[PDB]
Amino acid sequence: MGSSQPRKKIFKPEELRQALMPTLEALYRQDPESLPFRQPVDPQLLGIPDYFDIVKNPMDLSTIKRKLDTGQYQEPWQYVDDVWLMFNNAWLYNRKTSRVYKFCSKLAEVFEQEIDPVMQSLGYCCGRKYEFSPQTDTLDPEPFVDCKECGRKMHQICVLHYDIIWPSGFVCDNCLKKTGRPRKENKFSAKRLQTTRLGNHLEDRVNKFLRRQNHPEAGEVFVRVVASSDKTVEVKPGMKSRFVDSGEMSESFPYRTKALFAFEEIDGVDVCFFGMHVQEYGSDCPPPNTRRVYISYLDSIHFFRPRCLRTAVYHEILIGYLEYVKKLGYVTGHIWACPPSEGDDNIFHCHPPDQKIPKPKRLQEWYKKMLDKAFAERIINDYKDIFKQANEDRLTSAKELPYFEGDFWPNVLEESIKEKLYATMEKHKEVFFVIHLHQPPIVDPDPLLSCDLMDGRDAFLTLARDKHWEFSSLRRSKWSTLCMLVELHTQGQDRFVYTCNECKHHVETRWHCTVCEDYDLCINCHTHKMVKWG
């Protein structure tokens, strides 16, 4: 099998030895940790005939030193692969408690600190071996790209390369430094996602908050509504025969759902750190859901910089949301603060293994502090839990409880008719919040964004699981954000028509304003320099 690549970087044996072997020596210097690894494992000295049935490809320091002196290593990645094979054998065969397993983890920490600067001075991304997390014996490997000039294999996630953005292929950073040419701009950014009044209100609120709270590490935050659509929730069959047939409740309740995400600039690239679905029941929706908003789902990835401000910005985003719908005319908001089930991710496909998933008491304090902040700034008038509120203006019927898609209470009520209910309600009081924000109709000024990927939380989880867009680390979150944003930019389902903001006519050729969010004067006629678009 043939392909062609003439100006490849090829390394002569001694260049490799001179560069690589200072790391193999940093492993030998580890005493006693390197001692079980200086020779090929001998199962007849150790009494473990299992071993060659479990470790199919042995490797050791000495074998690597041999290969490195013979020249058996053409590229540095083959060396790197062989030391990680050594470590992976040990980590596999021995129990996580044994001595050797821990020796290995020390050698590995040494190798990680030594091999990275070396591999980068040789013009590579790192010296790690990465594999994706297990899903549902084998693990899937991270992907590589080759520099069309070097031929040097790099980690696609390390260099953040994607052909859709850059279709003329991957070109290493240095070869571009001789090239004179810099990277051409990534146009698929979060900032360049279609703007909305809701999004603008939220990002405008957080960014002045972060400036008022000067921090050098913080980057800009972009908040984007990436989907909204009009849906209905049908009352389920038990409650169906008991109240819809009677005409006491409408058969279904219309609402608009919106999905919005926040991104922060970190190391000069977009990182998605927060995501949220909401349901908004307007002023034409029948009781009991009239003029109500509900927070369907809330998820987050803890890499916001700096850590000490992450939660405060999450609260402001939520708080900004309350400020926005209150002004548009909604009256009450509802939060179901229920923590995710064990193995279940909300929105993001692979949270960091060490991000604490909170207990419901912690989570309820969390929503409590956020709401207390909103009350203080006069955005919320006040808030109580579900039982104190139901009892406070009485209620005797199941039809007076707000009825939201996927919420707990519709399903408690469905289960109730086959085979006391106030007892079912009071047990979970603290987990369900009712928020009082405060008449003419509510009119949403934002248009509908049709986006199947974000039409509810399942499509994006599914797609990321297949494409391995994990959010398990900063580097992996950067890559998943990169690809998420390409999906939002290029496969949404919305197509855009252009109108003259002056003459109300459809425009093709037009003059577009240099400052304003979306302003296009037709040619047939504003205070800004304009350039010609479309």
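Numbers for residues come from their place in the sequence shown, where the first is 1.
For the step residue 438 to residue 439, what size class fits the number of deposited residues with no coordinates, none, 1 to 3, 4 to 9, or 10 or more?
Missing residues, residue 438 to residue 439: 4 to 9.
Original post:
Hey, how big is the hole between residue 354 and residue 355 in terms of deposited residues without coordinates: none, 1 to 3, 4 to 9, or 10 or more?
Top reply: Gap between residue 354 and residue 355: none.
Requested in this report: Identify the stretch, either 325-333 or 225-233, whose C-alpha atoms have the larger mean B-factor according to the entry.
Outcome: The stretch with the larger mean CA B-factor is 325-333.
Which has the higher mean CA temperature factor in the PDB entry, 382-390 or 92-100?
Higher mean C-alpha B-factor in the PDB entry: 382-390.
Q.
If I read the C-alpha B-factors straight from the PDB entry, which of 268, 238, 143, 288 is highest?
A. Among 268, 238, 143, 288, the PDB entry lists the largest C-alpha B-factor for 238.
What's the residue among 476, 56, 467, 505 with the greatest CA temperature factor in the PDB record? Highest CA B-factor of the listed options: 505.
| request: Sorting the chain's modelled residues by C-alpha B-factor, tell me whether residue 430 ends up in the lowest, middle or highest third. | output: For residue 430, whose C-alpha B-factor we compare with every modelled residue in the chain, the answer is the highest third.
Compared with the other modelled residues in the chain, in which third is the CA B-factor of residue 75?
For residue 75, the deposited C-alpha B-factor lands in the middle third.
Which third, lowest, middle or highest, does the C-alpha temperature factor of residue 253 belong to within its own chain? Middle third - that is where residue 253 ends up once the chain's C-alpha B-factors are sorted.
Query raised in the report: What third of its chain, lowest, middle or highest, does the C-alpha temperature factor of residue 24 fall into?
Result: CA B-factor rank for residue 24: lowest third.
Relative to the other modelled residues in the chain, which third contains the C-alpha temperature factor of residue 245: lowest, middle or highest?
As the PDB entry reports it, the C-alpha B-factor of residue 245 lands in the highest third of its chain.
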